[PDB]
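Everything below concerns the one structure shown next.
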Amino acid sequence: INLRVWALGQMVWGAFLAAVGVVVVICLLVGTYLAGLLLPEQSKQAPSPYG
Amino acid sequence: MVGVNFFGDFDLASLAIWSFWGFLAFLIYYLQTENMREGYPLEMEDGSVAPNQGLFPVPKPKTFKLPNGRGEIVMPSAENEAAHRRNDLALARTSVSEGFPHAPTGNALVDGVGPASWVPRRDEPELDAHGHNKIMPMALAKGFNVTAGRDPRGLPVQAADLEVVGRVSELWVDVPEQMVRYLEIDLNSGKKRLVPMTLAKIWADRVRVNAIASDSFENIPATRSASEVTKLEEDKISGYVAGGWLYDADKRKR
Amino acid sequence: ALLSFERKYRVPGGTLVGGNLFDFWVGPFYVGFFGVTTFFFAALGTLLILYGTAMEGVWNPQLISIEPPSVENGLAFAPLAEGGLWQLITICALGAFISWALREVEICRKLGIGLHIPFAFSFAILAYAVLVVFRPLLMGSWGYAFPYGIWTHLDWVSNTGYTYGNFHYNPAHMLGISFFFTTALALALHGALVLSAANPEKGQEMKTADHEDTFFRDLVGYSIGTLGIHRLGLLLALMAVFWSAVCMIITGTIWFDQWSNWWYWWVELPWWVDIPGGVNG
Amino acid sequence: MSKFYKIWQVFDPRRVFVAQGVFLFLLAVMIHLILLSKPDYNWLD
Amino acid sequence: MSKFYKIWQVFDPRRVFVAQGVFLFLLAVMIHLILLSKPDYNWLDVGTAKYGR
Amino acid sequence: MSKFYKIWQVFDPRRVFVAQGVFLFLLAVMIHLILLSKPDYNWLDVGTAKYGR
Amino acid sequence: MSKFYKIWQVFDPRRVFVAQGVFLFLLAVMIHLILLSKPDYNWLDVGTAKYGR
Amino acid sequence: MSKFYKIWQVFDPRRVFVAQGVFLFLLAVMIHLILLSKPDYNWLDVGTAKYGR
Amino acid sequence: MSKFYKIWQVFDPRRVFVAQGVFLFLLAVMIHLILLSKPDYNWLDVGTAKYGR
Amino acid sequence: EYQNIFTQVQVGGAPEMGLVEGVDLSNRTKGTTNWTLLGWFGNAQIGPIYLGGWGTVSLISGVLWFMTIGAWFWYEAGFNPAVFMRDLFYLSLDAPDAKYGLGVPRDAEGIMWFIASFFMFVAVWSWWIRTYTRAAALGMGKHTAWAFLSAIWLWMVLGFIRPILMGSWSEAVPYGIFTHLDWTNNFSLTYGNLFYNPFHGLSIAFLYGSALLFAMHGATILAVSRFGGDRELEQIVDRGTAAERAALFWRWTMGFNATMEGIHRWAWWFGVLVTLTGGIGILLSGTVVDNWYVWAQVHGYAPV
Amino acid sequence: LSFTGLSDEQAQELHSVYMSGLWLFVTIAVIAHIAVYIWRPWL
Amino acid sequence: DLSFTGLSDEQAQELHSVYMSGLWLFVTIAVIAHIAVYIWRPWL
Amino acid sequence: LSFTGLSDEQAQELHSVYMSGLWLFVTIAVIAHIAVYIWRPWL
Amino acid sequence: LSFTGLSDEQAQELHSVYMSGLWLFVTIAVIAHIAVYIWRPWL
Ligand code: BCL
Ligand SMILES: COC(C)(C)C/C=C/C(C)=C/C=C/C(C)=C/C=C/C(C)=C/C=C/C=C(C)/C=C/C=C(\C)CC/C=C(\C)CCC=C(C)C
Ligand SMILES: COC(C)(C)C/C=C/C(C)=C/C=C/C(C)=C/C=C/C(C)=C/C=C/C=C(C)/C=C/C=C(\C)CC/C=C(\C)CCC=C(C)C
Ligand SMILES: COC(C)(C)C/C=C/C(C)=C/C=C/C(C)=C/C=C/C(C)=C/C=C/C=C(C)/C=C/C=C(\C)CC/C=C(\C)CCC=C(C)C
Ligand SMILES: COC(C)(C)C/C=C/C(C)=C/C=C/C(C)=C/C=C/C(C)=C/C=C/C=C(C)/C=C/C=C(\C)CC/C=C(\C)CCC=C(C)C
Ligand SMILES: COC(C)(C)C/C=C/C(C)=C/C=C/C(C)=C/C=C/C(C)=C/C=C\C=C(C)\C=C\C=C(/C)CC/C=C(\C)CCC=C(C)C
Ligand SMILES: COC(C)(C)C/C=C/C(C)=C/C=C/C(C)=C/C=C/C(C)=C/C=C\C=C(C)\C=C\C=C(\C)CC/C=C(\C)CCC=C(C)C
Ligand SMILES: [Fe+2]
């Protein structure tokens, strides 16, 4: 009853925080990739530094 | 001296880099030892000297000759550790085992524990080279005025509770360094209390002090004198105000 | 374990995540949620590096190198023997750095001091990120990130630079170098002055801040002050790191030619272009 | 084995529940990503 | 051997359980990764092979 | 010989226990990895060989 | 020779114990690695060759 | 010569002992590495060539 | 030279002794190394040439 | 919530002219200007300044050095101000030719370089003596001078010492913005890769450590400025809670800590070691080692 | 003892609900694993 | 007698009994897993 | 003389238990070494 | 004379125990050196 919903709320709040962090990291990375898609094509033709 | 090896592949460059490793070892030793003129010998949570005192030995005492007749300070010294020692602290052990926090028993702001802690400095003002007091009220600083920026004098003081506790009255200024250190507040209760400038943000219409709420502004430590402030009083005041970032957070709004 | 004055400061509070939980000390170290997390990430990354150099067969710590994936692999996760280990180590390093900074936050708000230190660390974290996350993403591959080796990431530096001729001609590079040089100069001078005041000539009383201000005024005619020098050095280091991150984020994303040819817009300015004489005429 | 309930006399259960939700979510996400990183186990493709 | 319970008169249960949990999770992750790093013992690739996928 | 117990009148058991635990774990890890770096003592590649995988 | 026990009146036992422990472990590691570097004293490769593996 | 005991009235025996130990160990290591460099004084190679390995 | 002993009224013996020791040691090391650099004053190579090894 | 990065309120009165502790008050100026733009960050008082023999010598010699370089720049531009402002960063008073070896060069560019470098020598050493004497007058330590001596050691290695050992003034540094960058690059190229110099790596370690350390230290002081941390000389003898809270932050963070006196020794040493190690490294290049990558290969930090 | 302050019975009740949720989670997970194994075996 | 923790012999014995119950359950699960893996893909 | 505050009886008991643990560790290590030697000798 | 606060008897006892440990260490090292010599001599 009350204790079950309390503990489930605690666990789901933890999961929601984790999901927010994941969403943030993914938004950052993906948006960087997209902004990279706006750059000139020589941005993708650079020679490797072998390392 | 190119390709001139004393033995094996060992030339002047290898000699130099190994010599530097040695010098650097000695230097780390010297620096870590010179970093031991305060805080030692190590203690337990019971206050006793610990079985482990470190891997670098505490160094030999040096002497600081103080100006203005203030005397001689020896570091390290049992006298310096005893003078700067707090006694009768209001803390209770959270656990019998070591490495666990100590909880305050009363009002940690008033009892001076935790981030509200203060060190027993000498009850004497900080002096300049000429022997005058370093911090003065600007009325007693001859020639001092507000050359730039906003004058806080006369502005109301907003607290963490978003309530107003009084109005700024005077500015306490470091004369040799020409900067504001504390601003004095006329409390609506009829009392004068100092507050560090570093913990006060001047807005156009108000001075915001988010560290402490309206309840705490009254119990701030007072100065025995109205023209001078001692190192001890400074430390008590600044500790009290800073402690509010933790012990006045439940009251803090916005 | 405790300094003579450490007891009164060991109180509860100052936690962002967890309360009573993880609020204790291991010797001197404060370990909270983020202390636990950064210990985990650091140990895992160290062990991953050790296993990688074991696989390679190399135990000389000066030849250990965990290289990223290839440029052809792109942004995909690679075989752990071909760059997946570098990727995991980079994830762990980011997590450990961020957890270190947030642990510093907790410690600061337990002690009642300002959060300047984790703010300053965040700049170095962000530069490391510019190098291993963001610039690779805009370039389209993790193979442009530097390897985890003592002397191989220097090869990466050299080759990345010489891909653009002399990297000295990048202007943000210049600014970063100037700020680094000035930071070292200012640190030397600050230490020298404080020690000259506190440890004066034999037979003389201890000095004050007046003597310091006076020394530097008599020397160069200006003294920035006790608080000013600290603000200044902090900001100097931060601006150095900022301009380094700028020099790198624009290097293969907005610039692709030798950096020396950038300056030839001031030479090709139409009013002094064809005048004869000098180097460019 | 029958006295495991004393772990709540050691650790506060609120913080433990929140941290466990976080842990389990991140672990599940990591495993889903590992599987998505493989064509045979990727289910979107 | 009969008196190992005295390790709790020495160490606090809380720090010990924290450390032990972190250590065990770290070690398990490390071994699972050591396995995944081998074309053999990688149960994913090995299963992909065994079943013709 | 019969008085080595005096080493606990000198060092604290908590610090000694923590130190020896870290030391032993690190030593074991390093020796395991040393053997794993030698393909002759990498037991995984061995089991891959003797079983034809 | 009869009076070497005064090194304990001059030196602290704890510091020297930890120091010589570190020194001995590092010296052991140093010599073991010196040998391992020489193919003629690497017991692992020597055993490999001795047994045909 | 009969008054050389007066250096202990000029020097702290503790500093002197620590510095002397460091100096002696480092000098010994240095000489041993010098000998290891030379092929004709490397005992490890000399024994190898002596016993046919 | 009758009154050279006054350099101790002038100078402090502890600093003098420390600096003199460091200086003499570094001088000796440098001279020995200069000799080792020269194949003719290398006593080790000379011994090799002398005893047929 | 106020980070103390900028000052909210400036106050000021009569100028702090200085302290009499051995100083000749006749050689010190009487003019001071207050500038508020600097007050938001540091102190606003500009001046006074001490004008003595050593400072006079250094000013004269350095002005002559600057002017010699500029005169060569004007010649190289053909007396055209437009070519002077166009090629300013590309113009250069270059080190002598190798044909002259170490003798007094027999060319205009080379002798101009020689005389400008003479003026530079005089100015820099005069300024060193200035620092020493300005500290000695106020009864202060000579730490500033011993720190400047390391930078002077590297500068000398570059301009005077190493050209001598290598046997040519052509090895020295030219007087130009881009030309001395080219000199650094060509120096690294001529001797393998200067990355693989160990003392170069040490100089870099300490350069990076200087910024690490000042970031840490300044962030610390601004973090404990609310307790009076910036007043360090009073915290050294009368310890307050600022010093204790700083020490404790760093102890809890990474296990060990310093004192309010003791972190400035770290600072001094990280500063001076940059240039000390750099000077040694530059000496060893060409004189003891012709290639640093092969040296690394032989000495076990580059693969073969 | 109760570092937290919970009595044996509070802890018993909380552990009861905890094991309930745990067994539910484990059942759901083993079901999902059976499904994934029918789809994509990994052993 | 000696207790750097506050736990007595009784408390320590109870805590240890539960600790070892958990340890042996953990080890049992790990042993079963190791058996299964050795059946499926041996390494020795 | 004691730097830790422990009496001879306390330290003797502590050492007895530490010895039990050390000998158990060494016994397991010895058995493992014997196994690995039978499986793949190094000497 | 003493710099660390140990009497003659305390230090004599400490030394007795330290020499016992040292000779045990050395005996083990000697046995191991003999073994390694028989296995693969170096002189
Ligand atoms: C292609 C470039 C080569 C290279 C070639 C060199 C060379 C060549 C040198 C170094 C040197 C240095 N390099 Mg580099 N360097 C490379 C790669 C790097 C990288 C990198 C991340 O890639 C870094 C971080 C560094 C870092 C450094 C510094 C650590 C070091 C110089 C310290 C210093 O303060 O000098 C600057 C300080 C001074 C010169 C002292 C100046 C003091 C004098 C007295 C000033 C007087 C002022 C004067 C009178 C005028 C005053 C004007 C008015 C008063 C206003 N280099 C690559 C591999 N580098 C130097 C060094 O130390 O060698 C090891 C050096 O000579
Ligand atoms: C490069 O060279 C290589 C690495 C290849 C080779 C070299 C290897 C080297 C040099 C290896 C060195 C190994 C060493 C030095 C190993 C040492 C091992 C030791 C000393 C192990 C000791 C283990 C001790 C244990 C496990 C003790 C356990 C104790 C307990 C479980 C009980 C603790 C005591 C209690 C609870 C009593 C408390 C009593 C009261 C009254 C409170
Ligand atoms: C390039 O150079 C090479 C390396 C090739 C060649 C060598 C060059 C050079 C320069 C070599 C130089 C060598 C030198 C200078 C060697 C000097 C060695 C000395 C002086 C060694 C002295 C050793 C002394 C020892 C080990 C003394 C030990 C004493 C004790 C254990 C007892 C001390 C006293 C005790 C314990 C009682 C104290 C009493 C009370 C009351 C506290
Ligand atoms: C590099 O080489 C590689 C990595 C490949 C090989 C290396 C392998 C290594 C180094 C392996 C090391 C393995 C080790 C050290 C394993 C150690 C395992 C142990 C010690 C496991 C212990 C497990 C304990 C468990 C699962 C305990 C569980 C307890 C419970 C579930 C409840 C207990 C209840 C309590 C405490 C409540 C009582 C409280 C009160 C207040 C009465
Ligand atoms: C590159 O050159 C190479 C490395 C190849 C060659 C050069 C090698 C060199 C330079 C080697 C140098 C070796 C040296 C100097 C070795 C020295 C070894 C020593 C001195 C070892 C001593 C060991 C002592 C031990 C293990 C003592 C153990 C003691 C105990 C277990 C009991 C401790 C005593 C107690 C508790 C006292 C009782 C306490 C009270 C309060 C009554
Ligand atoms: C508008 O133009 C006017 C004329 C009004 C003024 C303009 C002036 C201009 C444009 C000046 C520009 C100056 C520049 C760009 C200077 C740049 C200098 C740089 C970047 C120098 C870099 C390094 C220099 C070093 C390391 C010099 C070291 C020198 C020494 C150690 C001197 C050692 C002495 C030597 C070589 C021989 C002389 C010694 C004796 C005893 C005769
Ligand atoms: C065919 O003709 C024949 C056979 C004759 C050719 C053969 C020639 C040979 C075999 C020549 C051999 C020469 C050798 C092997 C010379 C050996 C010299 C030795 C063995 C010297 C011994 C000891 C030297 C010592 C202890 C020197 C100590 C020096 C100090 C400065 C120590 C005192 C000061 C210190 C430690 C620094 C602090 C200073 C103060 C004042 C406290
Ligand atoms: Fe400072």
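Within each chain, counting starts at residue 1; across the structure tokens, chains are named A, B, ... in the order shown, with ligands numbered 1 upward in that order.
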Report task. Fewer than 5 positions away in the same chain doesn't count, so skip those; otherwise give me all residues within 12 Å of residue G:4, counting only C-alpha atoms, as a PyMOL selection string. Result -> (chain G and resi 9-11) or (chain N and resi 8+11-16+18-19)
Least-squares superpose chain M on chain K across all ordered C-alpha pairs, then write out what you get as a CSV table (one decimal) with C-alpha atoms, in the first residue's frame.
```csv
chain,number,residue,atom,x,y,z
M,1,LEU,CA,22.4,-1.8,16.9
M,2,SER,CA,21.1,0.5,14.2
M,3,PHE,CA,22.7,3.4,12.3
M,4,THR,CA,19.4,4.5,10.8
M,5,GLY,CA,17.1,4.4,13.9
M,6,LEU,CA,15.0,1.6,12.5
M,7,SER,CA,13.7,-1.3,14.6
M,8,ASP,CA,13.8,-4.9,13.6
M,9,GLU,CA,10.1,-4.9,12.8
M,10,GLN,CA,10.3,-1.8,10.6
M,11,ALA,CA,13.3,-3.2,8.7
M,12,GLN,CA,11.7,-6.6,8.3
M,13,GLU,CA,8.6,-5.1,6.8
M,14,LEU,CA,10.7,-2.9,4.5
M,15,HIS,CA,12.7,-5.9,3.4
M,16,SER,CA,9.5,-7.9,2.7
M,17,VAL,CA,8.3,-5.2,0.3
M,18,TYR,CA,11.8,-4.7,-1.2
M,19,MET,CA,11.9,-8.5,-1.8
M,20,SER,CA,8.5,-8.4,-3.5
M,21,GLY,CA,9.7,-5.7,-5.8
M,22,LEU,CA,13.0,-7.4,-6.5
M,23,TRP,CA,11.3,-10.7,-7.4
M,24,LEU,CA,8.9,-9.0,-9.7
M,25,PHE,CA,11.8,-7.2,-11.4
M,26,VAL,CA,13.6,-10.5,-11.8
M,27,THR,CA,10.5,-12.3,-13.1
M,28,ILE,CA,10.0,-9.7,-15.8
M,29,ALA,CA,13.7,-9.9,-16.7
M,30,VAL,CA,13.6,-13.7,-16.9
M,31,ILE,CA,10.6,-13.7,-19.2
M,32,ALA,CA,12.3,-11.1,-21.4
M,33,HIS,CA,15.5,-13.1,-21.5
M,34,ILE,CA,13.6,-16.3,-22.4
M,35,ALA,CA,11.9,-14.4,-25.3
M,36,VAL,CA,15.2,-13.0,-26.6
M,37,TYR,CA,16.8,-16.4,-26.4
M,38,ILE,CA,14.0,-18.0,-28.4
M,39,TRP,CA,14.4,-15.1,-30.8
M,40,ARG,CA,18.2,-14.8,-31.0
M,41,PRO,CA,20.3,-17.0,-28.8
M,42,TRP,CA,23.7,-15.9,-27.6
M,43,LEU,CA,24.9,-19.2,-25.9
```
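Using only C-alpha atoms and all ligand atoms, residues with at least one atom at most 7 Å away from any atom of ligand 6 are residues 66, 67, 69, 70, 71, 73, 88, 114, 115, 117, 118, 120, 121, 155, 156, 157, 158, 159, 160, 169, 173, 174, 175, 176, 177 and 180 of chain J.
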Residues as selected, N, CA and C atoms, written as a compact mmCIF listing (two decimals), in the first residue's frame, can you do that?
```txt
# COMPACT_ATOMS: atom_id res chain seq x y z
N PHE J 66 65.74 48.20 -28.72
CA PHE J 66 64.49 48.36 -29.46
C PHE J 66 64.70 49.22 -30.69
N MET J 67 65.42 50.33 -30.55
CA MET J 67 65.58 51.27 -31.65
C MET J 67 66.48 50.71 -32.74
N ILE J 69 66.73 47.49 -33.52
CA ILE J 69 65.86 46.57 -34.25
C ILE J 69 64.92 47.34 -35.17
N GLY J 70 64.32 48.42 -34.66
CA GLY J 70 63.39 49.18 -35.47
C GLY J 70 64.05 49.87 -36.65
N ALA J 71 65.28 50.34 -36.47
CA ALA J 71 66.02 50.95 -37.56
C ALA J 71 66.31 49.94 -38.66
N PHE J 73 64.47 47.41 -39.22
CA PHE J 73 63.16 47.19 -39.82
C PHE J 73 62.85 48.26 -40.86
N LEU J 88 55.52 44.14 -40.78
CA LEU J 88 56.05 44.31 -39.43
C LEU J 88 56.40 42.98 -38.78
N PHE J 114 74.72 42.09 -33.38
CA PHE J 114 75.70 42.03 -32.30
C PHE J 114 75.51 43.18 -31.32
N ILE J 115 75.30 44.39 -31.83
CA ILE J 115 75.23 45.55 -30.96
C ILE J 115 73.88 45.61 -30.24
N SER J 117 72.29 42.99 -29.36
CA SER J 117 72.42 41.97 -28.33
C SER J 117 73.30 42.44 -27.18
N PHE J 118 74.32 43.25 -27.47
CA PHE J 118 75.08 43.89 -26.41
C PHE J 118 74.18 44.75 -25.53
N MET J 120 71.02 44.47 -25.16
CA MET J 120 70.11 43.56 -24.45
C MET J 120 70.78 42.97 -23.22
N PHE J 121 72.00 42.48 -23.37
CA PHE J 121 72.79 42.00 -22.24
C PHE J 121 72.84 43.04 -21.13
N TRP J 155 67.60 32.62 -21.31
CA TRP J 155 67.87 33.65 -22.31
C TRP J 155 69.34 33.66 -22.70
N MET J 156 70.24 33.53 -21.72
CA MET J 156 71.66 33.43 -22.00
C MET J 156 71.98 32.17 -22.81
N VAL J 157 71.53 31.01 -22.35
CA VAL J 157 71.75 29.79 -23.11
C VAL J 157 71.39 30.00 -24.57
N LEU J 158 70.27 30.68 -24.82
CA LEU J 158 69.82 30.89 -26.19
C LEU J 158 70.75 31.83 -26.95
N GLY J 159 71.16 32.93 -26.33
CA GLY J 159 71.83 33.98 -27.07
C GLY J 159 73.34 34.05 -27.01
N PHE J 160 73.94 33.63 -25.90
CA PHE J 160 75.36 33.83 -25.65
C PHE J 160 76.11 32.52 -25.46
N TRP J 169 77.49 32.32 -33.98
CA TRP J 169 76.39 33.21 -33.62
C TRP J 169 75.15 32.98 -34.47
N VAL J 173 69.22 33.60 -31.68
CA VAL J 173 67.83 33.86 -32.04
C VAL J 173 67.75 35.19 -32.78
N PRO J 174 66.97 35.29 -33.85
CA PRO J 174 66.82 36.58 -34.52
C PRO J 174 65.78 37.45 -33.84
N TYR J 175 65.80 38.73 -34.18
CA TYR J 175 64.90 39.71 -33.57
C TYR J 175 63.74 39.97 -34.53
N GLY J 176 62.74 39.10 -34.43
CA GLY J 176 61.53 39.25 -35.21
C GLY J 176 60.43 38.40 -34.63
N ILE J 177 59.19 38.79 -34.93
CA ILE J 177 58.04 38.11 -34.36
C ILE J 177 57.92 36.70 -34.92
N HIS J 180 61.47 34.28 -34.97
CA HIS J 180 61.90 33.52 -33.81
C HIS J 180 61.01 32.30 -33.59
```
Requested in this report: Identify, counting only C-alpha atoms and all ligand atoms, the protein, DNA and RNA residues located within 12 Å of ligand 8, and give them as a ChimeraX atom specification.
Outcome: /C:186-195,197-198,209,212,225-234 /J:213-222,224-225,228-236,243,246,258-268
Fitted copy of chain E on chain H, all Cα, as a PDB file with C-alpha atoms, in the first residue's frame:
```pdb
ATOM      1  CA  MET E   1      92.081  12.429  14.569  1.00  0.00           C
ATOM      2  CA  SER E   2      91.518  11.687  18.241  1.00  0.00           C
ATOM      3  CA  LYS E   3      88.760  14.326  18.318  1.00  0.00           C
ATOM      4  CA  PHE E   4      86.560  13.450  15.323  1.00  0.00           C
ATOM      5  CA  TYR E   5      83.706  12.672  17.732  1.00  0.00           C
ATOM      6  CA  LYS E   6      83.117  16.443  17.743  1.00  0.00           C
ATOM      7  CA  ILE E   7      81.416  16.081  14.353  1.00  0.00           C
ATOM      8  CA  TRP E   8      78.380  15.086  16.434  1.00  0.00           C
ATOM      9  CA  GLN E   9      78.582  18.347  18.359  1.00  0.00           C
ATOM     10  CA  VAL E  10      78.219  19.864  14.871  1.00  0.00           C
ATOM     11  CA  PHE E  11      75.811  17.654  12.901  1.00  0.00           C
ATOM     12  CA  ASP E  12      72.641  15.967  14.075  1.00  0.00           C
ATOM     13  CA  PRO E  13      72.771  12.145  13.937  1.00  0.00           C
ATOM     14  CA  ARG E  14      69.391  11.882  12.225  1.00  0.00           C
ATOM     15  CA  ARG E  15      70.041  14.015   9.149  1.00  0.00           C
ATOM     16  CA  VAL E  16      73.527  12.529   8.874  1.00  0.00           C
ATOM     17  CA  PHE E  17      72.287   8.941   8.904  1.00  0.00           C
ATOM     18  CA  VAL E  18      69.549   9.714   6.379  1.00  0.00           C
ATOM     19  CA  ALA E  19      72.001  11.424   4.028  1.00  0.00           C
ATOM     20  CA  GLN E  20      74.630   8.718   4.455  1.00  0.00           C
ATOM     21  CA  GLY E  21      72.196   5.890   3.756  1.00  0.00           C
ATOM     22  CA  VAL E  22      70.837   7.572   0.645  1.00  0.00           C
ATOM     23  CA  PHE E  23      74.364   8.357  -0.554  1.00  0.00           C
ATOM     24  CA  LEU E  24      75.587   4.797  -0.028  1.00  0.00           C
ATOM     25  CA  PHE E  25      72.615   3.167  -1.745  1.00  0.00           C
ATOM     26  CA  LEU E  26      72.934   5.602  -4.649  1.00  0.00           C
ATOM     27  CA  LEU E  27      76.663   4.954  -5.023  1.00  0.00           C
ATOM     28  CA  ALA E  28      76.242   1.175  -4.865  1.00  0.00           C
ATOM     29  CA  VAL E  29      73.487   1.234  -7.487  1.00  0.00           C
ATOM     30  CA  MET E  30      75.643   3.498  -9.650  1.00  0.00           C
ATOM     31  CA  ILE E  31      78.647   1.175  -9.556  1.00  0.00           C
ATOM     32  CA  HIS E  32      76.573  -1.964 -10.103  1.00  0.00           C
ATOM     33  CA  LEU E  33      75.058  -0.278 -13.158  1.00  0.00           C
ATOM     34  CA  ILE E  34      78.444   0.878 -14.443  1.00  0.00           C
ATOM     35  CA  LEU E  35      79.469  -2.771 -14.282  1.00  0.00           C
ATOM     36  CA  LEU E  36      76.311  -4.152 -15.905  1.00  0.00           C
ATOM     37  CA  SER E  37      76.870  -1.622 -18.708  1.00  0.00           C
ATOM     38  CA  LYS E  38      80.075  -3.416 -19.704  1.00  0.00           C
ATOM     39  CA  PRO E  39      79.825  -6.659 -21.707  1.00  0.00           C
ATOM     40  CA  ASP E  40      82.620  -7.713 -19.395  1.00  0.00           C
ATOM     41  CA  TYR E  41      82.020  -7.508 -15.633  1.00  0.00           C
ATOM     42  CA  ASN E  42      78.342  -8.228 -16.347  1.00  0.00           C
ATOM     43  CA  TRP E  43      78.220 -11.312 -14.151  1.00  0.00           C
ATOM     44  CA  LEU E  44      74.932 -12.433 -15.686  1.00  0.00           C
ATOM     45  CA  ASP E  45      76.102 -12.482 -19.302  1.00  0.00           C
ATOM     46  CA  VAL E  46      79.548 -13.679 -18.223  1.00  0.00           C
ATOM     47  CA  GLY E  47      77.961 -16.588 -16.371  1.00  0.00           C
ATOM     48  CA  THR E  48      75.669 -17.363 -19.291  1.00  0.00           C
ATOM     49  CA  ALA E  49      78.833 -17.602 -21.385  1.00  0.00           C
ATOM     50  CA  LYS E  50      81.060 -19.524 -18.971  1.00  0.00           C
ATOM     51  CA  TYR E  51      78.536 -22.344 -18.552  1.00  0.00           C
ATOM     52  CA  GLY E  52      77.411 -22.642 -22.174  1.00  0.00           C
ATOM     53  CA  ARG E  53      73.829 -21.434 -21.842  1.00  0.00           C
TER      54      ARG E  53
END
```
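If you take only C-alpha atoms and a cut-off of 8 Å, the residues of chain C that reach chain D are residues 18, 19, 20, 21, 76 and 77 of chain C.
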Convert the current residue selection to file output with N, CA, C and O atoms, as a PDB file, in the first residue's frame.
```pdb
ATOM      1  N   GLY C  18      22.930  11.676  -1.991  1.00  0.00           N
ATOM      2  CA  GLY C  18      23.150  10.982  -0.744  1.00  0.00           C
ATOM      3  C   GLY C  18      23.206  11.935   0.437  1.00  0.00           C
ATOM      4  O   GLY C  18      23.624  13.086   0.333  1.00  0.00           O
ATOM      5  N   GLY C  19      22.764  11.431   1.581  1.00  0.00           N
ATOM      6  CA  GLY C  19      22.808  12.188   2.815  1.00  0.00           C
ATOM      7  C   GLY C  19      23.739  11.537   3.811  1.00  0.00           C
ATOM      8  O   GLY C  19      24.961  11.560   3.633  1.00  0.00           O
ATOM      9  N   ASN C  20      23.170  10.953   4.866  1.00  0.00           N
ATOM     10  CA  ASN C  20      23.962  10.116   5.759  1.00  0.00           C
ATOM     11  C   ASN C  20      24.794   9.122   4.964  1.00  0.00           C
ATOM     12  O   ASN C  20      25.877   8.713   5.398  1.00  0.00           O
ATOM     13  N   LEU C  21      24.306   8.740   3.790  1.00  0.00           N
ATOM     14  CA  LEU C  21      24.983   7.753   2.967  1.00  0.00           C
ATOM     15  C   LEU C  21      26.235   8.351   2.343  1.00  0.00           C
ATOM     16  O   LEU C  21      26.198   9.432   1.751  1.00  0.00           O
ATOM     17  N   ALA C  76      31.839   4.872 -34.835  1.00  0.00           N
ATOM     18  CA  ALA C  76      31.305   3.643 -34.286  1.00  0.00           C
ATOM     19  C   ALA C  76      32.226   3.073 -33.215  1.00  0.00           C
ATOM     20  O   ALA C  76      33.431   3.331 -33.185  1.00  0.00           O
ATOM     21  N   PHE C  77      31.635   2.283 -32.324  1.00  0.00           N
ATOM     22  CA  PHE C  77      32.417   1.553 -31.341  1.00  0.00           C
ATOM     23  C   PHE C  77      33.184   0.431 -32.020  1.00  0.00           C
ATOM     24  O   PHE C  77      32.617  -0.377 -32.759  1.00  0.00           O
TER      25      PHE C  77
END
```
Requested in this report: Please identify the residues whose atoms come within 7 Å of ligand 1, using only C-alpha atoms and all ligand atoms, and report them as JSON, numbers by chain.
Outcome: {"C": [157, 158, 166, 181], "J": [62, 120, 123, 124, 151, 152, 154, 155, 158, 184, 185, 187, 188, 193, 194, 195, 199, 200, 203, 204, 207, 274, 275, 277, 278, 279, 281, 282]}
